[PDB]
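Participant: Below is one structure. I have some questions about it.
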Amino acid sequence: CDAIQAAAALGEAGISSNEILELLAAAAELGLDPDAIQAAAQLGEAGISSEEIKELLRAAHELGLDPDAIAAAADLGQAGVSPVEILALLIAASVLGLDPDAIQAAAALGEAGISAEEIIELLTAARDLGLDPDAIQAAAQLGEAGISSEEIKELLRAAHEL
Amino acid sequence: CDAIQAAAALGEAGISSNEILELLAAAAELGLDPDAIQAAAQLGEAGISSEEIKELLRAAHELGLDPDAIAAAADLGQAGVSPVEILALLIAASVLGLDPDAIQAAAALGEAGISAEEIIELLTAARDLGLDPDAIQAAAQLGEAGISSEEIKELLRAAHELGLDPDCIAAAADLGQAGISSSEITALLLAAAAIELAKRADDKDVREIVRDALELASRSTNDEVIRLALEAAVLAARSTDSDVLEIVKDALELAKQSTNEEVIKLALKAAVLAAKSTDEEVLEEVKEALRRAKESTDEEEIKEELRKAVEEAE
Amino acid sequence: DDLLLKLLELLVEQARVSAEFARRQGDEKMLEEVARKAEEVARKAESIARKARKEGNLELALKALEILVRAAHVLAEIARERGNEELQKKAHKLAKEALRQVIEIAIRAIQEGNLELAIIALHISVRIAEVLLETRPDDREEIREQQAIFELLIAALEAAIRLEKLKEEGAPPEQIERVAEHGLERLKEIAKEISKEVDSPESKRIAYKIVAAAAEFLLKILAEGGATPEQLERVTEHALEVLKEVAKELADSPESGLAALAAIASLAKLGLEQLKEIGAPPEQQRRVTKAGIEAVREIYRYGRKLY
């Protein structure tokens, strides 16, 4: 039954019949799993267009993103991140070799409203400083505290130098 | 002690002492148990007349109804169904040989307000299709989704042809509550089932066929081509035969190449009939007919070769 | 929709003029082309007809059925010139389905009370008879069954229009009683006579449902006439009594039992709704309910001769 229940979720998200059939054409071509399809449904509920979701799914496959990175695409989508910036954030983390926890902390920086280039420089700094993903989680918490990216970088620099 | 509680319940329903004694006289003659009498008290609380309950008791004995079949009358009565309509459902359920679960599903169709003839024809359809009570419960859910009774018959006939589980019929009721049309629900059942099968058997040829069918269906403005292509995808996703895979892939490729809806329907219908069928000589002649078509100098020869194959296989 | 339906008419007429060309000069490829084109018309019309059935527009459904008969006429002539079995087999199958569909629509048209649609449906049924009569060199029993259903529907319509005339004239309830009473008598006698010659189970099921719909129409006319609860009682009892003895003639199986039950008890339920609407006193409500239950009792105990 589960695939028909996923189609019912896409119907509750207001996706039209030919758009579901095209998303199912992508699911058959790309070999999409239930949690990747659930992330596509959640990108639909976040209001991302069907045509963009088809590019997001194409990109996730052509990148070779894992299912938890695909789930993080829907988290960045519910955070309101622009569709190509979702792909940049995921691509950057993946090409840096960062893990799903570091990607989830990047989604938390997105929920904190941090600019995408500032997230990427923060991820680059944490990677070059050799820090654990909790440093990215602390950067999100410092963002919620209203600390500037320069001052987060100063605090991390001081913590590393000391 | 506890036998007095029936008299207390009937007194609380406003039934007079001579009527309680008369109902007790009938219940004693018929030998009916305290919970069958409690169902009579619930019918009295539902406002059913004492003199009608005497017929309900008599009928239950003359049919030899079990206590749960008797209890279902109280649920129908609280649903507002008449004593006579209760007698229809029970008298029919008896000759149909229905179990208490199917009778409770008939009580649920009563709570859905479905007409008794439509309930009995739906029960006859489920009986003739050899279905389990879960199909009747799912038909009640399609009634709660507001689907018309012969569209329930279409969805049942489809689910029976397609070997679907009852939870797919529950998901069809969810799509009905979402406002999707019965033909589009059928397309979604077909496509989702083909991909659920492809997740169990992820063969490159299955993935290519299912994709090409979903693409052709997404391209098509005609829903007969959709239902043909997505049923071919379900048949190919259940199949383990290289000839069915080749015939369906050739038909989908020819249908993705061609611009004529008639040649498209001929090629897909020939492939569907070949995939329903089980004869290696028919499969060989169909593969030959697809060669004759792909190598043809004339589209009228494509039409007549495919017609001869279709009209031999149908 | 009607514009598409008329395109089918034009297509059919061009094919029919081409069927004159097939007599005047002749060609197998022309005959093949008009046969295929007529099947494409038939599929177009069938597609509209299924949609019209689901939407409940009887006028479009009857128009589409008449076009299916127009297509069947040219198909039958094309098959006759070609000496062809496949087209005659297609024609018989399509006509037999059309007969069932137009019967169900005619039952519905009598049930909703638009007798002009029923008259049009019977006109189409005569045209289906014209097709069937051309189609079979051999079978009499199909013609007997169709004509029996037609004779029944006609007799029911003759009663229906006699009652509708009394209703239009504002006739007194006593005339409406004696006309309805003899209407049920004539229905019973005709059903009894027809039951000697018919044997298709589906036809018997149809015929019973027609008698039931005729009783339903009589009851609803009496209700539109605002008759007394004494008249509602007398006529309902006589009607259920007739419909019960007609069940004892026609019923032979669980399938027919289910129909007899559903119809009789629906008619009684509808009768009780008239008692509810007029506000009849509790003893009338009991009397009608008893008559209905005693019919259900007799239907069970008749059925228990077989089950």
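When we count neighbours, we look across all protein chains shown, and the Cβ atoms used for this are built from the backbone with ideal geometry, even at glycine. Each reported figure results from applying straightforward, stated rules to the coordinates on display, with no laboratory input.
Participant: Using the alpha-carbon atoms, what tilt in degrees (0 to 90, nearest 10) does helix A:100-111 show relative to the longest principal axis of chain A?
Facilitator: Helix A:100-111 sits roughly 90 degrees off the main axis of chain A.
Participant: For helix B:17-29, what angle does its Cα long axis make with the longest principal axis of chain B, in degrees from 0 to 90 and rounded to 10?
Facilitator: 60 degrees
Participant: In whole Hz and in residue order, list the ³J(HN,Hα) couplings for segment B:265-270 that follow from phi through the Karplus curve 6.51 cos²θ - 1.76 cosθ + 1.60, θ = phi - 60°; x for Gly and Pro.
Facilitator: Couplings: 5, 4, 5, 5, 4, 4 Hz.
Participant: May I pose another question? In percent, what relative contact order does segment C:16-130 have, based on Cα pairs under 8 Å that are 6 or more apart in sequence?
Facilitator: 25 percent
Participant: Alpha carbon centre of segment A:31-109 versus segment B:242-277: separation in Å?
Facilitator: If we compute the Cα centre of each part, the gap is 37 Å.
Participant: Springs between alpha-carbon pairs under 10 angstrom, Gaussian network model over chain C: which of C:153, C:219, C:31 fluctuates most?
Facilitator: Answer for the Gaussian network model of chain C: C:31.
Participant: For peptide A:31-41, how many partner chain Cβ atoms fall within 10 Å of a residue's Cβ, on average?
Facilitator: Details: counts 4, 2, 1, 2, 0, 0, 1, 0, 0, 0, 0.
Rounded to a whole number, the mean comes out at 1.
Participant: Give me the inter-chain shielding for B:81-94: mean count of other chain Cβ atoms within 10 Å, whole number please.
Facilitator: Per-residue shielding by partner chains comes out at 5.
Participant: What does the charge dipole of the protein assembly as shown about its Cα centre add up to, to the nearest 20 debye, if the Cβ of each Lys and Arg holds +1 and the Cβ of each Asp and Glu holds -1?
Facilitator: I would put it at about 3360 debye.
Participant: While we're on this one: In deg cm²/dmol, rounded to 500, what helix-only [θ] at 222 nm does the protein assembly as shown give when every DSSP H run of at least 4 residues adds -39500 (n - 2.57) and the total is split over its residues?
Facilitator: My calculation for the protein assembly as shown gives -27500 deg cm²/dmol from helical runs alone.
Participant: Between rounded, prolate and oblate, where does chain C land on the alpha carbon gyration tensor, with a ≥ b ≥ c its root eigenvalues, rounded for a/c under 1.5, else prolate if a/b exceeds b/c?
Facilitator: Prolate.
Participant: Tell me the net charge near residue B:56. Cut-off is 13 Å between Cβ atoms, residue B:56 excluded, with +1 for each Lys or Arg and -1 for each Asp or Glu.
Facilitator: Local net charge: -1.
Participant: Answer with one residue from C:34, C:56, C:11: the one whose Cα lies farthest towards the positive end of the charge dipole of segment C:1-71, charges on Cβ with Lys, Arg +1 and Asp, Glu -1.
Facilitator: Ranked along the dipole, the leading option is C:56.
Participant: In the protein assembly as shown, with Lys and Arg counted as +1 and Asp and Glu as -1 at Cβ, which of these residues, B:302, A:123, A:8, has the Cα nearest the positive end of the dipole, that is, farthest along it?
Facilitator: The Cα lying farthest towards the positive end belongs to B:302.
Participant: Let me ask another. Using packing as a proxy for protection, rank B:228-235, B:96-103, B:281-288 so that the peptide with the highest average count of other Cβ atoms within 10 Å comes first. Working shown, then result.
Facilitator: Details: B:228-235: 26.6, B:96-103: 17.9, B:281-288: 15.2.
With the highest mean Cβ count within 10 Å placed first, the list reads B:228-235, B:96-103, B:281-288.
Participant: I've got another one for you. Among rounded, prolate and oblate, which fits the protein assembly as shown when a ≥ b ≥ c are the square roots of the eigenvalues of its C-alpha gyration tensor, a/c under 1.5 means rounded, and a/b larger than b/c means prolate?
Facilitator: Working: a/c = 2.70, a/b = 1.36, b/c = 1.98.
Here the protein assembly as shown falls in the oblate category.
Participant: Whole-Hz Karplus ³J(HN,Hα) for segment A:74-79, in order, using 6.51 cos²θ - 1.76 cosθ + 1.60 and θ = phi - 60°, x for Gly and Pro?
Facilitator: 5, 4, 4, x, 5, 5
Participant: Can I ask one more? In whole Hz and in residue order, list the ³J(HN,Hα) couplings for segment A:135-151 that follow from phi through the Karplus curve 6.51 cos²θ - 1.76 cosθ + 1.60, θ = phi - 60°; x for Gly and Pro.
Facilitator: Per residue, the Karplus-derived 3J(HN,Hα) values read 5, 5, 4, 4, 4, 4, 5, 5, x, 4, 6, x, 6, 5, 4, 4, 6 Hz.
Participant: Any idea what angle helix B:280-294 forms with the longest principal axis of chain B, computed on alpha-carbon atoms, 0 to 90 degrees, nearest 10?
Facilitator: Approximately 50 degrees, to the nearest 10.
Participant: Which whole-number percentage describes the relative contact order of chain B, with Cα contacts under 8 Å and a sequence gap of 6 or more?
Facilitator: Across chain B, relative contact order equals 9 percent.
Participant: Another question, then. Counting other beta carbons within 10 Å of each residue's own, what order do C:307, C:302 fall into, fewest first?
Facilitator: C:307, C:302
Participant: How large is the charge dipole for chain C, taken about the Cα centre, if only the Cβ atoms of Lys, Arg (+1) and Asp, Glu (-1) carry charge, to the nearest 20 debye? Mind dumping the intermediate values first?
Facilitator: Numbers: 51 positive and 59 negative charges, 155 e Å.
Charge dipole, chain C, about its Cα centre: 740 debye, nearest 20.
Participant: Say the dipole of segment C:137-294 comes from +1 at the beta carbon of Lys and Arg and -1 at that of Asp and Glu; which of C:240, C:284, C:222 then lies farthest toward its positive end?
Facilitator: Checking the options against the dipole of segment C:137-294, the answer is C:284.
Participant: May I pose another question? So, in segment C:12-102, how many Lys pairs have Cα atoms under 15 Å apart, if the pair is 8 or more places apart or on different chains?
Facilitator: Close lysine pairs found across segment C:12-102: 4.
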